[PDB]
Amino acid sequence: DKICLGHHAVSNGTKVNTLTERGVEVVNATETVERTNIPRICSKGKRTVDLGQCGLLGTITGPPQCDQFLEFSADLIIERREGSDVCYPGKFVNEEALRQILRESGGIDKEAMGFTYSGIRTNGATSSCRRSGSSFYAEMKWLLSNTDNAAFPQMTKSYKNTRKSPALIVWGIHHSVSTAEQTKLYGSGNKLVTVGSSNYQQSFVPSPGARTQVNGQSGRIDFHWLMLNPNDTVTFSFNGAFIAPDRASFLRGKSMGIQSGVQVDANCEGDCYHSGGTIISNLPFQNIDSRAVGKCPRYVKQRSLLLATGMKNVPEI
């Protein structure tokens, strides 16, 4: 008589790796490395702002393409390749530091800073910022001398942050095409903008000169920014070439910002994003994009790491 012990097998096993062998056949296995993308931004349940043509820093200054974004509110901020921060050509100093502040801000809320002016004009415009006619940056003021060639009287303005979180403050310097044009806008002389607070110290002079035409303009606007702590004051001593802030920004809460070229999708949910979409997965690892942001499997170099979920397959000979 007889009785035998044994285990199971299959004609179709899966090879895996171990510490001692490469390509051992086991009964069953399963993948640890996520390969599969969803080519959409899965936004189900999230307050989402798709900036489209508005660049993220434009939400603070207000070029026309950002008019519907001046006080946005979001958990998920999406930047687009077609976005632009400017209408009149220019750029921000420490722009990317500011982009990272605004990506996690939960949005911004604006507040009049209450600057009032005297013997100057305040309605500088351009055809690079068209709202119907020629216009400017919605949150800013292009300050001139009161009439062609006149003196700019060295003014000072102050703003006290009377709120319990820090104030984002932004101003600009206008670099005219020439010192002739700088003179027609603000009068003659080396013009100096001084900006100070309880922890800030900097100064700026204009740099007239001819530049690459951008948006049909050879002049440029420098944009600068600082964070006013609660109960602190910011002070602007200036005599020309000054693009002044009309409103300050306060941050609403917290959010996440991504960059993408794929469509929003409110039918799927996901916490791991990249420019090409959403990594929905429970696997511990992914091989889709090492710059994926959010809550993600760890990025690894390998496309596949099979984890044995069965015994060694020893086939019936």
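Residue indices: 1-based, along the sequence shown.
For the pair 226 to 234 and 163 to 171, the mean Cα B-factor is higher in 226 to 234. The mean Cα B-factor in the deposited entry runs higher for 23 to 31 than for the other of 23 to 31 and 263 to 271.
The maximum CA B-factor among the listed residues 73, 197, 127, 217, taken from the PDB record, is found at 197.
Going by the entry's values, 212 shows the largest Cα B-factor out of 100, 135, 212, 94.
In this PDB entry, residue 111 carries a Cα temperature factor that places it within the middle third of its chain's modelled residues.
Among the modelled residues of its chain, residue 10 has a C-alpha B-factor that falls in the highest third, as given in the PDB entry.
The PDB entry assigns residue 87 a C-alpha temperature factor belonging to the middle third of its chain's modelled residues.
Ranked within its chain, residue 141 lands in the middle third, by CA B factor from the PDB record. Residue 181: CA B factor lies in the highest third for its chain, per the PDB record.
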